[PDB]
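Take a look at this one; I'll ask things after.
No hydrogens, no waters, no symmetry mates; every other heavy atom, side chains included, goes into these values. Every number for a ligand or one of its atoms is a count from 1 in the order of the listing. The chain is numbered in sequence order, starting from 1.
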Amino acid sequence: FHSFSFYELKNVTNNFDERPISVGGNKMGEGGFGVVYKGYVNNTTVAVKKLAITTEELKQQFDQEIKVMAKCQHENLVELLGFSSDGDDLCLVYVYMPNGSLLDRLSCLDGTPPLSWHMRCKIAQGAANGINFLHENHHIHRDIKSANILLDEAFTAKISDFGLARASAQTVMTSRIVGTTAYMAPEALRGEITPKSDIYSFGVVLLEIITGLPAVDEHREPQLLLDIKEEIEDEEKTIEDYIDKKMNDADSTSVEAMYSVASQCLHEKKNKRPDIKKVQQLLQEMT
Ligand SMILES: O=C(Nc1nc2cc(CN3CCCCC3)ccc2n1-c1ccccc1)c1cccc([N+](=O)[O-])c1
């Protein structure tokens, strides 16, 4: 890993130029824990994350991120080129992902074309492959969601944001409950820490992929994409009613097969959910 100095990152990113990149600016977006600006360093196009509760906590997350990235390298995870830590606007520098977040591509932010089913199917696989690598190496992510799935030039899915990750014996509890609520497993909302919560959160991501709908939307009914599964489990609606209409290449069989993986992932009881390796298998069998 490479240590940088702050100014080098400011400079190259146009003094963290808040104007959006779709209009020649550099701001690519907002994370939960900071803001991300495009730039070029020695001809390498890059992403640099300006970090934004506790002072010992935010630091601890930065450390955890670098610790996870030092141990885990895989094509379905983001790649840390290095950091910058001397300015106290803490910084982490990554290889740049052109196609931004899955969330943003699912919404077609900034006018990008809808993703084909075929491409969605490989996105799900790659993401599952990324989570599996994490779990093989005894990490729980704790904030799996479509904004934390980045996408490169060929739409290779990569998992990001490892600041909340934990090592994966008995049930672990925490007093500090964190995550994104529209994605969180019931047990995670109560303060349990287990890899099984990552599977549930991935199930919600699979519903975003199938329907094109964000996990939460306050101007929608229901507000929570999760509630949709209940309407289908009760005979009230089918998955066909919610398939994203911004697609033409989505046959009933592979959609239903993906929905089947999703609903399995979404078992409200942690021990009934498949483990990530099982999820991987089902997503390959799907195609
Ligand atoms: O590359 C990263 N983020 C990014 N690139 C982007 C490119 C486009 C333009 N793009 C143009 C072509 C068509 C589609 C849109 C639009 C948005 C982009 N966002 C981004 C998206 C959401 C939040 C923050 C950054 C990144 C890489 C590693 C680690 C992290 N991280 O968060 O730690 C972020």
### Query
Closest non-hydrogen protein atom to atom 19 (N) of ligand 1, residue and atom name please, with distance?
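Protein heavy atom with the smallest distance to atom 19 (N) of ligand 1: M28 CB, 3.5 Å.
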### Query
Distance from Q281 atom CD to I276 atom CD1, nearest 0.5 Å?
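One finds 11.0 Å between CD of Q281 and CD1 of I276.
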### Note: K10-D89 ion pair, threshold 4.0 Å (strictly below)
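Salt bridge absent between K10 and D89.
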Under 3.5 Å, which donor-acceptor pairs link side chains of residues 46-62 to any protein atom two or more places apart or in another chain?
| unit_1 | atom_1 | unit_2 | atom_2 | d |
| --- | --- | --- | --- | --- |
| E57 | OE2 | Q61 | NE2 | 2.8 |
| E57 | OE2 | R176 | NH2 | 3.1 |

### Query
With a cut-off of 4.0 Å, which atoms of ligand 1 are near a heavy atom of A47?
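Result: 1 (O), 2 (C), 26 (C), 27 (C), 34 (C).
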### Query
If you round to the nearest 0.5 Å, how far is CE of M173 from CD1 of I193?
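That separation rounds to 9.0 Å.
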#### Entry: atom 16 (C) of ligand 1: the protein heavy-atom neighbour that sits closest, reported with distance to 0.1 Å
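Result for atom 16 (C) of ligand 1: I21 CD1, 3.6 Å.
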### Message
In this structure, does ligand 1 have an atom that sits under 4.0 Å from one of the heavy atoms of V95?
### Response
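The answer is yes, since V95 has a heavy atom less than 4.0 Å from ligand 1.
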### Task
Output yes when the distance from some N or O of ligand 1 to some N or O of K49 is under 3.5 Å, and no in every other case.
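Yes, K49 has an N/O under 3.5 Å of an N/O on ligand 1.
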### Query
Considering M97, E30, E153, which one's heavy-atom position lies nearest to atom 5 (N) of ligand 1?
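Closest candidate by heavy-atom distance is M97.
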### Message
Just to confirm my output: which protein heavy-atom neighbour is closest to atom 30 (C) of ligand 1, and how far is it?
### Response
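Protein heavy atom at minimum distance: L150 CD1, 3.5 Å.
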### Query
Are the side chain of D86 and the backbone of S5 linked by a donor-acceptor contact shorter than 3.5 Å?
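Side chain of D86 to backbone of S5, a donor-acceptor pair under 3.5 Å: no, none is there.
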### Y40, OH: over 12 other non-hydrogen atoms inside 6.0 angstrom
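It does not: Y40 OH has 12 such atoms or fewer within range.
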### Interatomic spacing from CG in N148 to CG in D143 - rounded to 0.5 Å
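Reported to 0.5 Å precision, the distance equals 5.5 Å.
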### Query
Which residue pairs pass the ring pair (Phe, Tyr, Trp, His ring centres under 6.0 Å) test when at least one of the two sits in residues 134-181, sequence neighbours left out?
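Non-adjacent pairs meeting ring pair (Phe, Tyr, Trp, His ring centres under 6.0 Å): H141-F162.
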### Query
Hey, does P98 sit under 4.0 Å from ligand 1 if you only count heavy atoms?
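Contact check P98 vs ligand 1: positive.
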### Query
Identify the closest protein heavy atom to atom 28 (C) of ligand 1: which residue and atom is it, and at what distance?
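In this structure, atom 28 (C) of ligand 1 has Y94 CB, 3.2 Å as its nearest protein heavy atom.
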#### Entry: Closest protein heavy atom (residue, atom, distance) for atom 22 (C) of ligand 1
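Scanning the protein heavy atoms, the shortest distance from atom 22 (C) of ligand 1 goes to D104 OD2, 3.9 Å.
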### Query
Atoms of ligand 1 less than 4.0 Å from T112 heavy atoms?
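Result: 13 (C), 14 (C).
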### Task
Identify, for atom 23 (C) of ligand 1, the protein heavy atom at the shortest distance, and state residue, atom and that distance.
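It is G29 CA, 3.8 Å.
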### Task
Identify the protein heavy atom lying closest to atom 24 (C) of ligand 1, giving its residue, its atom name and the separation to 0.1 Å.
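Looking at atom 24 (C) of ligand 1, the protein heavy atom closest to it is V36 CG2, 3.3 Å.
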### Query
Salt bridge check: are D17 and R19 linked by an N-O gap of less than 4.0 Å?
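Looking at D17 and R19, the cut-off is met.
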### Donor + acceptor pair across side chains of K38, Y96 (<3.5 Å)
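Yes, because at least one side-chain N or O of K38 sits under 3.5 Å from a partner of the opposite role on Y96.
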### Query
What protein heavy atom sits nearest atom 15 (C) of ligand 1, and how far off is it?
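Checked against all protein heavy atoms, atom 15 (C) of ligand 1 sits closest to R105 NH1, 3.5 Å.
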### Query
Looking only at heavy atoms of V78, does any of them come nearer than 4.0 Å to an atom of ligand 1?
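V78: in contact with ligand 1 (<4.0 Å).
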